[PDB]
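Report on the structure given below.
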Amino acid sequence: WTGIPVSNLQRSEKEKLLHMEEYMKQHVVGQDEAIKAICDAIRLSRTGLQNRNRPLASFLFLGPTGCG
Amino acid sequence: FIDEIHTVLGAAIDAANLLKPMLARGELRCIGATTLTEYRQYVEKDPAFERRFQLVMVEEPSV
Amino acid sequence: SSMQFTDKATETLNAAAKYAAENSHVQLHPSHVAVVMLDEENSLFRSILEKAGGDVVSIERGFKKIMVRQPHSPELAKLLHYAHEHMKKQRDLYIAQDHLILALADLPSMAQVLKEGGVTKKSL
Amino acid sequence: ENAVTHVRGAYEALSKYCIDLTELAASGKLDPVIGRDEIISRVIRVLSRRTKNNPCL
Amino acid sequence: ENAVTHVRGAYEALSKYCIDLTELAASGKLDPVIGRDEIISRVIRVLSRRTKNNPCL
Amino acid sequence: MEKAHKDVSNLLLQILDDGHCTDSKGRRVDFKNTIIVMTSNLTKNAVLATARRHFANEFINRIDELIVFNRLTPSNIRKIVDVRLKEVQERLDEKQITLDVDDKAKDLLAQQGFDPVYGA
Ligand SMILES: Nc1ncnc2c1ncn2[C@@H]1O[C@H](COP(=O)(O)OP(=O)(O)O)[C@@H](O)[C@H]1O
């Protein structure tokens, strides 16, 4: 009905967050210190280290545009 | 091409707040055209406007 | 459809409804419009027939016979449809009195009077 | 039939509120400019920079 | 019979919406004016003109 | 997220605390599974200090990570124009069409289409 293959849904939850920082660096090359900081707030709120009353992650993209 | 830019930058009303992120990030560029007398009282008096607008002098024909 | 009227057009349709009260009528038939315009001295409908070469006496007799055979009429809704087409033909925006006159030559039950009086559709 | 009668009898806001200057030049309705060769070539160089990329006449 | 009714329902709009001032002056029911000989006669000398024939007090 | 007043700024603050907003019809949509990302434009130490003075005091500190994108490194621009042209090659592999680009055309598509303060 949608289009995403089945192989992208049968992956384990504990294995997708480990290789998440390596998949985003395939197309976006240049921000090696910004992509790593993205998984720092997602992997912390899913392991019980963050209060459940707060959402997933809160980001604020600043600086010049055109980077990605 | 913005004819007489001193009106849109703070006369109609002040519309320079919505055009600052566009001119800085390069999303929407514009070409200014005003008088040297009005260019000092609206561009040189603001540090944020001088760093983005470059002084372009127009030569006057003679004979 | 946007069928706007002018100041002069409203003075004719409103007077045609009250004109049928004296002639003993209970409906607004489109044939009563041409009768009111012919009863006014120096009107717009009379000046048009003089330039196109038409006898105003024979035309008045044609619309008078239709009124006798009569007992808002549904025929009035069809007359306003053909009159709106003449508004866009003359490169105009409003609907004056001459626009309602040109619609009389489009109806099959109203174009017979114009033929016997000497009114050509191409010349009108 | 009544729908097309009431109506008759991207680039939408740019053609109604603004005037496209390239349309008059591509149709021969714009007057040419001869003598400003030292200014047109400078405006192009300003737009291809980082600091002060907005020319002001 | 249907024609004499609409006629009934001189002048009609002048006797149902306006008060004739000359009617009260002819029957003596209007107070005279003493002292305005230079103002009342001035209005007469204005209505007999070609331009600006509408005096405003 | 900078071209607004203080009406929408105070409404988004309760989402980062309670986790749900008050709907006008009478619902409590839990925002526990909805990530909140923003985009603005207010070396990297002096950039984040500007946005802290524009918004409220009790809002810029509750942000998880203040990721500030720096300038584009010139050594990484060449690696960007190479992975984008691969998508065009994928649409021509079914028709047996080999799209080859020399080393001269790759330099023009990098120093012109990319700029630190101009945008892609
Ligand atoms: N690594 C990249 N390769 C190719 N194109 C890119 C890359 N990074 C960014 N872009 C392009 O730059 C553009 C940036 O758009 P952006 O300014 O984010 O739009 P908006 O201001 O509406 O969010 C995107 O449309 C994207 O196509």
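Chain labels follow the order of the structure tokens: the first chain is A, the next B, and so on; residue numbering restarts at 1 in every chain, and ligands are counted from 1 in their shown order.
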
For residue 54 of chain B, list every protein, DNA or RNA residue within 7 Å, evaluated using only C-alpha atoms, and leave out those in the same chain fewer than 6 positions away; present the list as a PDB file with N, CA, C and O atoms, in the first residue's frame.
ATOM      1  N   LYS D  52      28.180  41.386   1.717  1.00  0.00           N
ATOM      2  CA  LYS D  52      27.607  42.464   0.912  1.00  0.00           C
ATOM      3  C   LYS D  52      27.240  41.963  -0.488  1.00  0.00           C
ATOM      4  O   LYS D  52      27.783  42.403  -1.503  1.00  0.00           O
ATOM      5  N   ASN D  54      24.241  42.290  -1.871  1.00  0.00           N
ATOM      6  CA  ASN D  54      23.015  42.986  -2.260  1.00  0.00           C
ATOM      7  C   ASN D  54      23.378  44.370  -2.780  1.00  0.00           C
ATOM      8  O   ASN D  54      23.683  45.275  -1.983  1.00  0.00           O
ATOM      9  N   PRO D  55      23.359  44.578  -4.095  1.00  0.00           N
ATOM     10  CA  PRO D  55      23.703  45.898  -4.633  1.00  0.00           C
ATOM     11  C   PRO D  55      22.601  46.911  -4.366  1.00  0.00           C
ATOM     12  O   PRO D  55      21.409  46.599  -4.444  1.00  0.00           O
ATOM     13  N   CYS D  56      23.012  48.137  -4.048  1.00  0.00           N
ATOM     14  CA  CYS D  56      22.090  49.234  -3.768  1.00  0.00           C
ATOM     15  C   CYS D  56      22.493  50.427  -4.624  1.00  0.00           C
ATOM     16  O   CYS D  56      23.559  51.015  -4.411  1.00  0.00           O
TER      17      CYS D  56
END

| task | Using only C-alpha atoms, select each residue of chain E with any atom at most 10 Å away from an atom of chain C, and give the selection as JSON, numbers by chain. | result | {"E": [1, 2, 3, 4, 5, 6]}

Residues from the last selection, N, CA, C and O atoms, saved as a JSON list (two decimals), in the first residue's frame:
[["chain", "number", "residue", "atom", "x", "y", "z"],
["E", 1, "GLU", "N", -62.39, 49.62, -14.13],
["E", 1, "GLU", "CA", -62.46, 49.60, -12.67],
["E", 1, "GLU", "C", -61.09, 49.41, -12.04],
["E", 1, "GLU", "O", -60.83, 49.94, -10.96],
["E", 2, "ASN", "N", -60.20, 48.66, -12.70],
["E", 2, "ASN", "CA", -58.86, 48.43, -12.18],
["E", 2, "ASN", "C", -57.90, 49.57, -12.49],
["E", 2, "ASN", "O", -56.75, 49.53, -12.03],
["E", 3, "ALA", "N", -58.33, 50.58, -13.25],
["E", 3, "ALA", "CA", -57.48, 51.70, -13.60],
["E", 3, "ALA", "C", -57.67, 52.91, -12.69],
["E", 3, "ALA", "O", -56.71, 53.66, -12.47],
["E", 4, "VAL", "N", -58.88, 53.12, -12.17],
["E", 4, "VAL", "CA", -59.13, 54.25, -11.28],
["E", 4, "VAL", "C", -58.66, 54.02, -9.86],
["E", 4, "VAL", "O", -58.62, 54.97, -9.07],
["E", 5, "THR", "N", -58.29, 52.78, -9.51],
["E", 5, "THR", "CA", -57.82, 52.50, -8.16],
["E", 5, "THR", "C", -56.37, 52.91, -7.98],
["E", 5, "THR", "O", -56.01, 53.50, -6.95],
["E", 6, "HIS", "N", -55.51, 52.60, -8.95],
["E", 6, "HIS", "CA", -54.10, 52.95, -8.85],
["E", 6, "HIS", "C", -53.86, 54.45, -8.94],
["E", 6, "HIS", "O", -52.86, 54.94, -8.42]]

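Residues of segment 13-53 of chain B assigned to alpha helix (DSSP H) by DSSP on this structure's backbone: residues 20, 21, 22, 23, 24, 25, 36, 37, 38, 39, 47, 48, 49 and 50 of chain B.
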
| request: Grab me every residue within 10 Å of ligand 1, counting only C-alpha atoms and all ligand atoms, and send it over as a PyMOL selection string. | output: (chain A and resi 25-31+64-68) or (chain B and resi 22+25-27) or (chain F and resi 38-40+76-77+79-85+113-114+118-120)

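A least-squares superposition of chain D on chain E, with Cα atoms paired in sequence order, returns an RMSD value of 4.2 Å.
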
| request: Please identify every residue of chain B that has at least one atom no more than 8 Å from any atom of chain D, counting only C-alpha atoms, and report them as a PyMOL selection string. | output: chain B and resi 23+29-34+51-58

| request: Mind checking which residues fall within 12 Å of residue 6 of chain F, counting only C-alpha atoms, ignoring those fewer than 3 positions away in the same chain, and posting them as a ChimeraX atom specification? | output: /F:1-3,9-13,54-56,59

| Neighbour list for residue 18 of chain A as an NGL selection string, cut-off 12 Å, only C-alpha atoms, skip fewer than 3 positions in-chain | :A and (11-15 or 21-24 or 36 or 39-40 or 42-43)

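Here atom CA of residue 123 of chain C stands at a distance of 14.9 Å from atom CA of residue 45 of chain C.
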
| Could you pull out the strand (DSSP E or B) residues of chain B from DSSP and send them as an MDAnalysis selection string? | chainID B and resid 32 53:55

Written file, previous selection with N, CA and C atoms, as a tab-separated table (two decimals), in the first residue's frame:
chain	number	residue	atom	x	y	z
B	32	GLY	N	18.75	47.35	-4.41
B	32	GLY	CA	18.33	48.62	-3.87
B	32	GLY	C	18.56	49.78	-4.83
B	53	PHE	N	24.42	45.54	2.44
B	53	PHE	CA	24.26	46.39	1.26
B	53	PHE	C	25.60	47.04	0.94
B	54	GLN	N	26.06	46.86	-0.29
B	54	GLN	CA	27.32	47.43	-0.75
B	54	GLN	C	27.06	48.73	-1.50
B	55	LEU	N	27.95	49.70	-1.31
B	55	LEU	CA	27.80	51.01	-1.93
B	55	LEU	C	28.04	50.90	-3.43

| Counting only C-alpha atoms, which residues of chain F come no farther than 9 Å from chain D, as a ChimeraX atom specification? | /F:112,115-118

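Between chain B and the candidates F:99, F:105, F:42, F:29, the tightest atom-to-atom separation, counting only C-alpha atoms, involves F:42.
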
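Relative to atom CA of residue 45 of chain B, atom CA of residue 52 of chain F is found at 25.0 Å.
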
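Within 6 Å of chain A, and counting only C-alpha atoms, chain F contributes residues 16, 17, 18, 19, 31, 32, 35, 36, 37, 38, 39, 40, 41, 63, 64, 65, 66, 67, 68, 69, 76, 117, 119 and 120 of chain F.
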
| task | Take atom CA of residue 76 of chain C and atom CA of residue 35 of chain C and report the distance between them in Å, one decimal. | result | 15.1 Å
